[PDB]
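A single chain, nothing else alongside it, follows as structure tokens in the form deposited in one PDB entry.
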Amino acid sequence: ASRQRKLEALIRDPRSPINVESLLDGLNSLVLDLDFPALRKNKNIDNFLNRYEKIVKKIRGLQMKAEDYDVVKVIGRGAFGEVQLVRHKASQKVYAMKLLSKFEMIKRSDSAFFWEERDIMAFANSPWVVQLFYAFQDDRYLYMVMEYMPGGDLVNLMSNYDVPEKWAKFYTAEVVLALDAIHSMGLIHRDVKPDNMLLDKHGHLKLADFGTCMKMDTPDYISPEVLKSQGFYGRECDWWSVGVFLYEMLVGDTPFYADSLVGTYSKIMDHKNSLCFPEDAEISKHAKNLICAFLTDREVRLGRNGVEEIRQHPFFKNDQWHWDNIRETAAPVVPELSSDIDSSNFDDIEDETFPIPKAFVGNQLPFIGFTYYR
């Protein structure tokens, strides 16, 4: 009764490794790993599969899958897959779907990063983090269905407008609160850049792409400790990147730009001397102060002693918004969109399986527990 009530609660919990969706993943994965003619020479395997042949087919039909979605356009490419703008066929609702190749993750020794990515987007319950509605999988891919962000990213905005300081104040303030939310969850991002800052239908920021997230105990935006470490470091390394972001928005170039990557690496390490505001750049004293406060050695960097000292910096003083209502004021640039599939703010994009194994190799074991239904 009491031991049964504890076991039933462990299964009910959406955070649990033994939720109902995880246990089904265990069954599916096992059937996929076992159902090959050479393995069925084992009586244990063949009998097991005969028993679970029909019911696993019936689950595969009932469960969510890629064929439930029409692909409209490819809106991203990454190391292990792509991002598809999709419409779910039944509901007719539009999402951004991220695909991850199982073969490549196993081939390139990188098949754990997606857990924190899934958890952040699923469970943050935060307006600064892209919401995940569904995670599911086939034999070839992991899928992550997310709220579509039709405003596009800060790279797109920056190339389309000269950003005045009133706007930069706003976007930097929204990045500060997004990072504070990530940090509050016990997480360092490690890859803060405009590419990973997206604007919703109302022109307000959310963070996406949590592939480099780690739970706490491109070279333009990397901090000098992260350069010297080559693998310890803390939340302060994200605050470096906000320093670089604000510089990029106001100046229009990266502060440690060079023709080669080695030139950039060498400038970043020499930041005390190489940080230099151009004499033609329209930038205030307070804005130079904040950038300089972020672009220092880790030991004395702004945000080391919490977010509060970032919030009371004079740069962020203004007549338009407060910190506790910023996301409910009018954004600088409302996207003008023609439809629920308008991907005009995203640039156009242009483009092997596991072998049939001789014995059990367990290629699906890494992905057991990935399925999540909101």
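The first residue of the sequence shown is number 1, and the count goes up from there. Between two forms, the rigid core is the largest collection of C-alphas that superpose within 1.5 Å.
The protein also exists as the form deposited in another entry; that form is not presented, and the subsequent description refers to it.
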Overlay on the rigid core first, then point out the one of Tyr265, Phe133, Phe113, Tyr141 whose CA is displaced 2 Å or more between this form and the one not shown.
-> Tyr265
With both forms fitted on the core, give yes or no for whether the Cα of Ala90 moves by 2 angstroms or more between this form and the one not shown.
-> no
Yes/no, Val226 Cα shift of 2 Å or more between this form and the one not shown with rigid core fixed = yes
Displaced residue check between this form and the one not shown: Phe256, CA, 2 Å or over, core reference | yes
